[PDB]
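A.B. asks: The structure that follows is given in the form of structure tokens.
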Amino acid sequence: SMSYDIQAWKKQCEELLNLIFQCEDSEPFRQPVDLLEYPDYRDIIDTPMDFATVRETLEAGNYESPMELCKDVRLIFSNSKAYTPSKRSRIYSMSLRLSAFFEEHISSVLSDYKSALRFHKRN
Ligand SMILES: CC(C)Cc1nc(C#N)c(N)o1
């Protein structure tokens, strides 16, 4: 049961998203971009993504693994680099800080999940 629990990642990701929502650096990324108030957003960005959407996808049970959740979170940050590419921008700096924060904390979630998969496959 608890060692190598292949479902433990879900609550760990719920907790990491709570930390992200607390971060002042997440303010621009908490909700979808208003496509009326930024009419050129979709001219640039193919697939919008934001932390409320990630949080709801997880709650609905629509991620099969923490790697699928990580892919959507990384899309938030690649979308930000595409839409706000200037390294002079304070929004660029916020995006980089929050991405480093997410990458640090998701690392062990992924590592542990993959170790658990390997153990159950072996046995
Ligand atoms: C976060 C975007 C949806 C909109 C947006 N406002 C700014 C500013 N200021 C920027 N770099 O990008």
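Convention: chains lettered A, B, ... in structure tokens order; per-chain residue numbering from 1; ligands numbered from 1 as shown.
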Could you list the protein, DNA and RNA residues that have any atom within 10 Å of ligand 1, counting only C-alpha atoms and all ligand atoms, and write them as a VMD selection string?

C.D. replies: chain A and resid 27 to 29 31 to 35 37 to 38 40 to 41 48 79 to 81 83 to 86 88 to 95

A.B. asks: Keeping N, CA, C and O atoms, export the residues of the selection given above as a compact mmCIF listing (two decimals), in the first residue's frame.

C.D. replies:
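Result file follows (part-v5.txt):
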```txt
# COMPACT_ATOMS: atom_id res chain seq x y z
N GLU A 27 0.38 35.39 -10.07
CA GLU A 27 -0.81 36.22 -10.30
C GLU A 27 -1.22 36.27 -11.77
O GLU A 27 -2.41 36.09 -12.06
N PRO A 28 -0.25 36.51 -12.70
CA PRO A 28 -0.67 36.57 -14.10
C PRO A 28 -1.14 35.26 -14.76
O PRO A 28 -1.73 35.28 -15.84
N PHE A 29 -0.88 34.14 -14.08
CA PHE A 29 -1.05 32.79 -14.61
C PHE A 29 -2.16 32.00 -13.91
O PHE A 29 -2.33 30.80 -14.23
N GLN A 31 -5.57 32.38 -14.01
CA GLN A 31 -6.84 32.24 -14.75
C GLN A 31 -6.52 32.35 -16.21
O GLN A 31 -5.49 32.95 -16.56
N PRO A 32 -7.42 31.86 -17.08
CA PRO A 32 -7.18 32.05 -18.51
C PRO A 32 -7.05 33.52 -18.90
O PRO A 32 -7.68 34.41 -18.28
N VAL A 33 -6.24 33.76 -19.91
CA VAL A 33 -6.14 35.10 -20.50
C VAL A 33 -7.49 35.44 -21.13
O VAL A 33 -8.07 34.62 -21.85
N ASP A 34 -8.02 36.61 -20.79
CA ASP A 34 -9.26 37.11 -21.38
C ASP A 34 -9.01 37.47 -22.84
O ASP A 34 -8.35 38.47 -23.15
N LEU A 35 -9.55 36.64 -23.73
CA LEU A 35 -9.33 36.74 -25.16
C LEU A 35 -10.13 37.88 -25.82
O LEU A 35 -9.93 38.17 -27.00
N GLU A 37 -10.24 41.00 -23.90
CA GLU A 37 -9.32 42.04 -23.43
C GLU A 37 -7.89 41.95 -23.99
O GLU A 37 -7.16 42.95 -23.92
N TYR A 38 -7.47 40.78 -24.48
CA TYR A 38 -6.22 40.63 -25.24
C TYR A 38 -6.51 39.94 -26.57
O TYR A 38 -6.21 38.76 -26.72
N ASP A 40 -5.17 39.83 -29.46
CA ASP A 40 -4.05 39.25 -30.19
C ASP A 40 -3.43 38.04 -29.47
O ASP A 40 -2.49 37.44 -30.02
N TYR A 41 -3.93 37.66 -28.28
CA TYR A 41 -3.33 36.50 -27.54
C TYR A 41 -3.37 35.22 -28.40
O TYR A 41 -2.34 34.52 -28.57
N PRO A 48 -3.94 27.90 -25.03
CA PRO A 48 -3.81 28.58 -23.75
C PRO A 48 -3.83 27.60 -22.58
O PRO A 48 -4.43 26.52 -22.67
N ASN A 79 4.08 29.27 -23.05
CA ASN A 79 3.17 30.28 -23.59
C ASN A 79 3.59 31.65 -23.12
O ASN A 79 3.63 32.60 -23.93
N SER A 80 3.97 31.78 -21.85
CA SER A 80 4.44 33.08 -21.36
C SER A 80 5.70 33.54 -22.07
O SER A 80 5.80 34.73 -22.43
N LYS A 81 6.67 32.68 -22.31
CA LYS A 81 7.91 33.05 -23.02
C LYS A 81 7.58 33.46 -24.45
O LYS A 81 8.26 34.32 -25.01
N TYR A 83 4.63 34.86 -25.54
CA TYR A 83 3.78 36.06 -25.58
C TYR A 83 4.54 37.28 -25.01
O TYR A 83 4.33 38.43 -25.47
N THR A 84 5.41 37.02 -24.04
CA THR A 84 6.24 38.01 -23.36
C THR A 84 7.70 37.55 -23.47
O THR A 84 8.28 37.05 -22.50
N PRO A 85 8.30 37.73 -24.67
CA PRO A 85 9.63 37.18 -24.89
C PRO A 85 10.75 38.08 -24.36
O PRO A 85 11.89 37.61 -24.26
N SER A 86 10.46 39.35 -24.03
CA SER A 86 11.54 40.25 -23.64
C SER A 86 12.07 39.99 -22.23
O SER A 86 11.30 40.04 -21.26
N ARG A 88 13.77 41.96 -20.54
CA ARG A 88 13.58 43.20 -19.78
C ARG A 88 12.26 43.23 -18.98
O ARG A 88 12.16 43.97 -17.99
N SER A 89 11.26 42.45 -19.39
CA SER A 89 9.94 42.53 -18.78
C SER A 89 9.90 41.93 -17.39
O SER A 89 10.26 40.74 -17.22
N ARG A 90 9.40 42.69 -16.41
CA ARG A 90 9.12 42.09 -15.10
C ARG A 90 8.20 40.84 -15.16
O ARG A 90 8.27 40.00 -14.26
N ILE A 91 7.34 40.72 -16.18
CA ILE A 91 6.46 39.53 -16.30
C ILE A 91 7.30 38.35 -16.75
O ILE A 91 7.08 37.19 -16.28
N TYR A 92 8.25 38.55 -17.62
CA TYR A 92 9.24 37.51 -17.96
C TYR A 92 9.97 37.04 -16.73
O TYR A 92 10.08 35.82 -16.50
N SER A 93 10.44 37.95 -15.88
CA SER A 93 11.19 37.60 -14.68
C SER A 93 10.31 36.78 -13.72
O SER A 93 10.79 35.79 -13.13
N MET A 94 9.05 37.18 -13.55
CA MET A 94 8.10 36.43 -12.71
C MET A 94 7.90 35.02 -13.19
O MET A 94 7.88 34.06 -12.38
N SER A 95 7.68 34.87 -14.49
CA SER A 95 7.53 33.56 -15.14
C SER A 95 8.75 32.68 -14.90
O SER A 95 8.60 31.49 -14.53
```

A.B. asks: What's around residue 114 in chain A at 12 Å? Count only C-alpha atoms, leave out sequence neighbours fewer than 2 positions away in its own chain, and write the answer as JSON, numbers by chain.

C.D. replies: {"A": [4, 5, 6, 7, 8, 9, 65, 66, 67, 107, 108, 109, 110, 111, 112, 116, 117, 118, 119, 120, 121]}

A.B. asks: For the residues selected in the previous step, produce a file with N, CA, C and O atoms as a compact mmCIF listing (two decimals), in the first residue's frame.

C.D. replies:
```txt
# COMPACT_ATOMS: atom_id res chain seq x y z
N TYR A 4 5.53 3.08 -2.49
CA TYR A 4 5.26 2.92 -3.92
C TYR A 4 3.78 3.03 -4.32
O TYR A 4 3.36 2.45 -5.32
N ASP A 5 3.01 3.80 -3.55
CA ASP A 5 1.63 4.14 -3.85
C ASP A 5 1.60 4.89 -5.18
O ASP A 5 2.12 5.99 -5.27
N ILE A 6 0.98 4.31 -6.21
CA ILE A 6 0.91 4.93 -7.54
C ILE A 6 -0.16 6.03 -7.64
O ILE A 6 -0.30 6.65 -8.72
N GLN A 7 -0.93 6.26 -6.57
CA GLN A 7 -1.89 7.37 -6.51
C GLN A 7 -1.46 8.58 -5.65
O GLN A 7 -2.16 9.58 -5.67
N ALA A 8 -0.37 8.45 -4.90
CA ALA A 8 0.12 9.48 -3.96
C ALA A 8 0.40 10.80 -4.67
O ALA A 8 0.23 11.88 -4.07
N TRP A 9 0.82 10.74 -5.92
CA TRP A 9 1.12 11.96 -6.68
C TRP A 9 -0.04 12.91 -6.75
O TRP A 9 0.20 14.12 -6.92
N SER A 65 -1.20 10.74 -15.08
CA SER A 65 0.08 10.66 -14.40
C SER A 65 0.52 12.09 -14.06
O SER A 65 -0.04 13.02 -14.67
N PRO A 66 1.48 12.21 -13.13
CA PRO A 66 1.99 13.55 -12.83
C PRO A 66 2.78 14.06 -14.01
O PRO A 66 2.90 15.30 -14.18
N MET A 67 3.30 13.23 -14.90
CA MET A 67 3.94 13.76 -16.13
C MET A 67 2.93 14.51 -17.00
O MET A 67 3.29 15.51 -17.62
N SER A 107 10.05 17.76 -9.16
CA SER A 107 11.10 16.77 -9.36
C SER A 107 10.90 15.49 -8.58
O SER A 107 10.87 14.42 -9.19
N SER A 108 10.73 15.59 -7.27
CA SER A 108 10.58 14.38 -6.43
C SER A 108 9.23 13.73 -6.68
O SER A 108 9.09 12.46 -6.52
N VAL A 109 8.19 14.47 -7.02
CA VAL A 109 6.86 13.88 -7.36
C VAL A 109 7.01 12.93 -8.55
O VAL A 109 6.51 11.76 -8.54
N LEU A 110 7.69 13.37 -9.58
CA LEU A 110 7.94 12.59 -10.79
C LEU A 110 8.84 11.37 -10.53
O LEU A 110 8.49 10.25 -10.97
N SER A 111 9.99 11.61 -9.88
CA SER A 111 10.99 10.61 -9.47
C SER A 111 10.30 9.47 -8.68
O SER A 111 10.49 8.30 -8.99
N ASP A 112 9.50 9.82 -7.68
CA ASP A 112 8.83 8.85 -6.84
C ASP A 112 7.81 8.11 -7.65
O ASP A 112 7.70 6.85 -7.50
N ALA A 116 7.88 4.05 -8.45
CA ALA A 116 6.74 3.21 -8.08
C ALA A 116 6.25 2.39 -9.26
O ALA A 116 5.97 1.15 -9.12
N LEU A 117 6.19 2.99 -10.44
CA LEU A 117 5.85 2.25 -11.67
C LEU A 117 6.82 1.12 -11.96
O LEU A 117 6.40 -0.01 -12.34
N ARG A 118 8.11 1.38 -11.80
CA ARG A 118 9.14 0.38 -12.09
C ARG A 118 9.00 -0.80 -11.13
O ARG A 118 9.08 -1.98 -11.55
N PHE A 119 8.78 -0.51 -9.85
CA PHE A 119 8.61 -1.55 -8.81
C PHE A 119 7.42 -2.43 -9.11
O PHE A 119 7.55 -3.68 -9.11
N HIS A 120 6.26 -1.84 -9.35
CA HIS A 120 5.06 -2.65 -9.67
C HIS A 120 5.20 -3.43 -10.98
O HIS A 120 4.78 -4.60 -11.03
N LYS A 121 5.82 -2.86 -12.02
CA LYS A 121 6.08 -3.60 -13.28
C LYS A 121 7.01 -4.81 -13.08
O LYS A 121 6.80 -5.91 -13.64
```

A.B. asks: If I take CA of residue 63 in chain A and CA of residue 98 in chain A, how far is one from the other in Å, to one decimal?

C.D. replies: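 CA of residue 98 in chain A lies 21.7 Å from CA of residue 63 in chain A.
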
A.B. asks: Give me, as a ChimeraX atom specification, the residues of chain A that a backbone DSSP run labels alpha helix (DSSP H).

C.D. replies: /A:8-22,41-44,51-59,66-83,90-122

A.B. asks: Taking into account only C-alpha atoms, which residue in the set A:13, A:22, A:106, A:100 is nearest to residue 55 in chain A?

C.D. replies: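 Distance minimum relative to residue 55 in chain A lands on A:13.
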
A.B. asks: Would you please work out which residue, of A:10, A:2, A:113, A:97, is nearest to residue 59 in chain A when using only C-alpha atoms?

C.D. replies: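 Of A:10, A:2, A:113, A:97, the one nearest residue 59 in chain A is A:10, counting only C-alpha atoms.
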